[PDB]
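Read the structure below first, then the notes.
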Amino acid sequence: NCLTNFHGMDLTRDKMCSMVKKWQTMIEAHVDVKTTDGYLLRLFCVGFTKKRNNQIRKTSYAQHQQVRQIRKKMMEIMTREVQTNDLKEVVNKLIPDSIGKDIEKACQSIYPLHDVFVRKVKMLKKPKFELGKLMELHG
Amino acid sequence: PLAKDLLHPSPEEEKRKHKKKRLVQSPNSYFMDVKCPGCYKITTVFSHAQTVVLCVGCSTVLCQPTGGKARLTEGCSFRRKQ
Amino acid sequence: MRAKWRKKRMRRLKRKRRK
Amino acid sequence: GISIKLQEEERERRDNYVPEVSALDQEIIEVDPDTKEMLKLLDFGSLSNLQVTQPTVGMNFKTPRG
Amino acid sequence: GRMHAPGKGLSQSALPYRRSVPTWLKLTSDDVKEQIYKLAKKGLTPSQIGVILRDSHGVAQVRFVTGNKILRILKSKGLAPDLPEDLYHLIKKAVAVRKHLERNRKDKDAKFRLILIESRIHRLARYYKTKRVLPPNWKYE
Amino acid sequence: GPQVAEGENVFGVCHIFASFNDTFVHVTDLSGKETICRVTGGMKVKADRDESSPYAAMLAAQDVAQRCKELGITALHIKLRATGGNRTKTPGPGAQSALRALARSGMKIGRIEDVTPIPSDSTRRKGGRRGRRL
Amino acid sequence: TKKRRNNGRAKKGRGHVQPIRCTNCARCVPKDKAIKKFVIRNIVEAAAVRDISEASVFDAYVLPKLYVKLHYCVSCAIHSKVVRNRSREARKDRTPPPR
RNA sequence: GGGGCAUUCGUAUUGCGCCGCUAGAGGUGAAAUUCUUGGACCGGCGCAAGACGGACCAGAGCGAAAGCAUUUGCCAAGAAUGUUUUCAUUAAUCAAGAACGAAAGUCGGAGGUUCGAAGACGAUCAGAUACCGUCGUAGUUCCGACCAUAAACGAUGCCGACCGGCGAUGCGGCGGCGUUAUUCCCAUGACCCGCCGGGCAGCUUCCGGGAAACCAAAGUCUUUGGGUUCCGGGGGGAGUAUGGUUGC
Ligand SMILES: [Zn+2]
């Protein structure tokens with residue numbers, strides 16, 4: 001029997017390609033965060049501006065400051081929400097993509113977002129391995 | 001086209017047309033008096049204002065500097081003068 | 001011939017003349 | 001482009017038909033306010049046959065461009 | 001258009017026809033003069049003084065109420081600055097750009113813009129020397 | 001080989017690298033490290049013209065399926081791959097024929113995905129400034 | 001004589017646009033001029049979709065798509081027959097062909 | 001996506017170490033040169049190097065023009081708008097004289113991933129000194145000196161006035177129903193309908209020009225004068241000769 005642990009979270013190609021449209025601003029924010037139990041993650045979160053339901057205008061672009069504010073907002077949300085808790089909880093947070101939903105809700109006021117997913121999560125550094133916690137992760 | 005009285009344009013068309021490109025020049029700005037909620041003393045302010053102004057009566061901010069017209073603080077009621 | 005190659009021939013001729 | 005002469009008769013009959021009541025004679029004519037404003041400025045403000053329906057609440061008519 | 005820019009910007013002040021003092025103005029010519037002096041002592045520019053007096057105290061135009069301009073009032077008393085406002089401001093912008101350039105040898109844009117500022121100093125200096133408000137030996141360094 | 005119930009499908013990962021010069025059908029385990037079997041158009045046809053032909057691709061996928069049956073693997077996760085990098089992103093002509101041939105052999109189809117190496121701001125492409133004049 | 005008012009490109013009120021590489025023959029072409037063809041094609045053609053449906057372990061499994069943006073130089077755009085010459089009057093028409 | 005300096009990230013490419021299976025792999029219209037059982041190509045994990053910032057990316061923005069897209073910070077600029085602020089003719093255009101100026105190119109240093117003039121081969125060819133393919137020096141990249149040219153183009157000098165409509169678009173301002181988020185009231189965003197000024201443009205028009213192609217400027221030209229700079233005089237000879245001056 002083989003014992004596995006979380007190493008990273010990737011998004012499938014066809015989804016990532018189907019999201020990028022030709023008349024809207026794409027916003028990308030990466031952040032390095034240290035978990036409490038001591039795993040160093042690099043989290044890349046991507047967002048897209050929303051075509052409003054009664055919008056006649058062809059383009060739905062956001063101005064540079066509005067983009068910078070949204071980037072700061074989704075950076076500090078990611079930081080706060082993955083700084084305080086550990087892998088056990090962080091994975092469970094990433095299963096429904098609750099990070100994204102919270103960014104979509106939070107960034108509504110600055111400019112309406114369409115699809116905000118946690119694009120990538122990469123394990124940068126590991127702790128010194130012990131069997132006890134790995135077995136606890138399995139039971 | 002071809003018949004307009006350049007002499008006597010209609011007052012709604014006069015107001016719409018740019019302040020400098022009017023038949024006779026007049027500013028779009030005006031002078032208004034402010035009534036602060038926590039004070040009795042009256043103050044006069046410019047509609048497009050550039051400095052945060054203070055009422056020395058109660059020592060409170062009145063209007064904020066903006067790209068165009070100065071936004072007045074909540075409670076302070078503005079009224080047009082002449 | 002092509003005007004750019006007329007100019008290049010003229011420069012090759014000016015190099016050998018001066019030397 | 002075939003002048004048969006037969007169907008020209010029933011075509012002339014179809015081109016010389018009138019209904020017993022006039023199509024223009026509605027019971028109550030439903031009119032927008034600014035038209036009632038336009039009428040009352042020509043001294044037609046006493047008309048009680050015209051009913052003024054409330055004007056549309058949302059402002060959007062143009063085709064979505066793009 | 002502009003002096004050293006391709007833009008044809010049409011944005012200035014449009015003073016009204018009625019030169020008449022507004023009925024609601026309580027402050028008298030002397031009272032405004034006293035206000036201008038009190039402001040001038042705090043170390044301000046005719047521009048700033050005029051803005052402060054327009055915003056706060058509700059004086060539409062100093063020259064309408066008093067019958068004389070700000071620099072003229074300060075000149076008449078002797079609370080006027082040595083260099084004129086506009087030249088002083090061009091010099092402090094010039095030395096600010098020069099202070100930036102002293103560290104950054106690669107910033108060609110800064111060099112080009114400095115040359116354009118220097119030109120404005122020299123063209124304004126020549127005018128002030130022509131009107132004899134500066135001495136004729138006055139140079140820039 | 002694997003001691004598994006008749007009902008449950010043992011999965012593998014099939015990497016299909018479809019270039020314009022050749023086709024690669026390569027079956028491996030779930031991880032990718034422990035390969036099972038790779039066959040390319042070169043092994044099927046002895047013609048440099050037809051290395052990439054849909055027929056060669058069909059034969060390659062048919063033979064790799066035939067071998068995979070004998071090792072106990074019933075299902076495959078497909079990973080389609082074009083040359084990518086600074087070169088073309090569209091898959092070669094063998095891809096579809098190979099996938100059809102795997103699906104026809106009786107092997108089950110898992111998650112289908114493109115794994116073309118897409119580059120963000122890559123280095124100079126093999127062609128000159130004026131490009132390929134043929 | 002002036003053939004196209006826009007000089008057969010999009011750069012207006014702008015100095016220099018970065019060059020890109022023609023997907024076919026790798027020619028260096030300015031991005032604004034290049035013929036761009038964004039093709040969203042199904043990973044399996046309708047003829048071969050039937051054989052995948054039964055073989056698939058999953059029920060109602062929506063099939064993936066390939067998104068690839070092709071850039072063509074004028075030499076290759078015309079040879080590949082994605083774009084051809086038009087009449088002097090029908091050139092000014094810049095409406096894309098209806099399908 | 002104006003400029004400089006600092007910082008950080010992205011996949012890809014190439015080389016290297018380890019692991020699995022293996023007989024072909026590369027390239028082309030077709031081939032060969034070439035790398036391969038001393039284990040290539042393919043697949044997995046990790047390390048390193050230098051290059052470049054995809055898709056978003058538009059007849060969109062900014063800049064005097066060259067030109068300018070990863071994040072964050074620092075430094076100093078700049079247009080436009082807003083103004084019942086100030087100076088009061090300080091202006092326009094420019095011999096001489098200045099700043100900048102793609103790519104290539106020449107000196108010194110650093111580093112060399114990809115691509116690749118020269119050159120070496122393999123093909124095609126009557127011949128190929130080329131097109132096609134394998135390799136590869138200088139170069140391509142960075143720091144400090146030069147060089148001052150491009151179809152450096154809108155093949156269209158700059159400043160100012162007047163002369164037709166139409167719908168978009170970018171920045172700022174102004175006014176106004178109604179949707180939505182910040183719980184709610186205002187107040188800010190995202191939309192929506194108008195207006196005003198300055199920009200990138202587009203469509204239409206017997207305003208009027210032009211040899212026409214076309215141009216709302218290339219119009220207001222024999223009904224010929226708003227201001228001012230550079231500059232052409234049939235085609236070759238020729239941007240040649242000589243002289244001067246700048247540069248290694
Ligand atoms: Zn091409």
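Quick note: the coordinates plus some simple rules give every number you see, no bench work behind them. Here the Cβ is made from the backbone with ideal geometry for all residues, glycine too, and neighbour counts use every protein chain on show.
Annotations
- Candidates A:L94, A:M9, A:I56 compared by Cα position along the dipole of chain A: farthest toward the positive end lies A:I56, with charges placed on Cβ.
- Dipole-positive endmost among A:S109, E:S76, G:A34 within the protein assembly as shown (Cβ charges, Cα centre): E:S76
- When peptides A:64-75, G:37-48 are sorted by average Cβ neighbour count within 10 Å, with the highest value leading, the order is A:64-75, G:37-48.
- Number of partner chain Cβ atoms within 10 Å, mean per residue of B:48-54: 3
- log₁₀ of I(q)/I(0) at q = 0.13, 0.22, 0.27, 0.28 Å⁻¹ - chain D, Debye sum with one point per alpha carbon: -0.70, -1.01, -1.15, -1.17
- Sorted fewest first by neighbouring Cβ atoms within 10 angstrom, B:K69, E:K131 come out as E:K131, B:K69.
- Coordinate range of the alpha-carbon atoms in chain G per principal axis, descending: 63, 31, 25 Å.
- Qualifying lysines (Cα of each under 22 Å from Cα of E:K131; at least 8 residues distant if same chain): E:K69, E:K75, E:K77, E:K139
- Note on chain B: Kirkwood radius taken over Cα pairs, Stokes-Einstein applied at 25 °C and 0.890 mPa s, translational D equal to 162 µm² s⁻¹.
- For chain F, a Kirkwood radius taken over Cα pairs fed into Stokes-Einstein (25 °C, viscosity 0.890 mPa s) yields D = 155 µm²/s.
- Measure of compaction for segment E:26-80 (Cα Rg per 2.2 N^0.38 Å): 0.99
- Averaged over the residues of peptide B:15-27, the number of Cβ atoms from other protein chains lying within 10 Å of each residue's Cβ is 2.
- Computed over segment E:81-141: relative contact order in percent, which uses C-alpha pairs under 8 Å that are six or more apart: 35
- Taking D:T56, F:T23, G:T1 and counting other C-beta atoms within 10 Å, the order from fewest to most: G:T1, D:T56, F:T23
- Debye intensity ratio I(q)/I(0), log10, chain E, q values 0.11, 0.18 Å⁻¹ (C-alpha model): -0.60, -1.14
- Loop sites in segment G:51-88: trypsin sites (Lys or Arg not before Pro), DSSP, at most 11 other Cβ within 10 Å: G:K81, G:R84, G:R86, G:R88
- Using a cutoff of 8 angstrom between alpha carbon atoms and counting only pairs six or more residues apart, the relative contact order for segment E:1-116 works out to 20 percent.
- Derived scalar couplings ³J(HN,Hα) [segment B:64-80; Karplus, 6.51 cos²θ - 1.76 cosθ + 1.60; whole Hz; x for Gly, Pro]: 9, x, 10, x, x, 6, 6, 6, 7, 6, 5, x, 5, 9, 9, 9, 5
- Convex hull of segment A:1-128 built on C-alpha atoms - directionally averaged projected area, nm²: 9.4
- Sorted on the mean count of surrounding Cβ atoms within 10 Å across their residues, most packed first, peptides E:107-120, G:14-27 read G:14-27, E:107-120.
- Dimensionless Rg ratio for segment E:81-141, taking C-alpha atoms and the 2.2 N^0.38 Å reference: 1.23
- Taking Cα centre as origin and charging only the Cβ of basic (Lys, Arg, +1) and acidic (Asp, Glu, -1) residues, the dipole magnitude of chain B rounds to 160 debye.
- Long-range HN-HN contacts of F:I36 with modeled amide H, under 5 Å: F:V27, F:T28, F:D29
- Semi-axes of the equivalent ellipsoid for the protein assembly as shown, Cα gyration tensor, largest first, Å: 67, 44, 37
- Neighbouring Cβ atoms from other chains, within 10 Å of the Cβ of residues in A:48-56, number 2 on average.
- With at most 13 other Cβ atoms within 10 Å, longest stretch of chain B clear of loop chymotrypsin sites (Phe, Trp or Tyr not before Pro) (DSSP): B:41-82
- Per-peptide packing, taken as the mean over residues of other Cβ atoms within 10 Å, places F:58-64, E:49-55, E:61-67 in the sequence F:58-64, E:49-55, E:61-67 from highest down.
- Among beta bridges that DSSP assigns inside the protein assembly as shown, antiparallel share in %, nearest 5: 75
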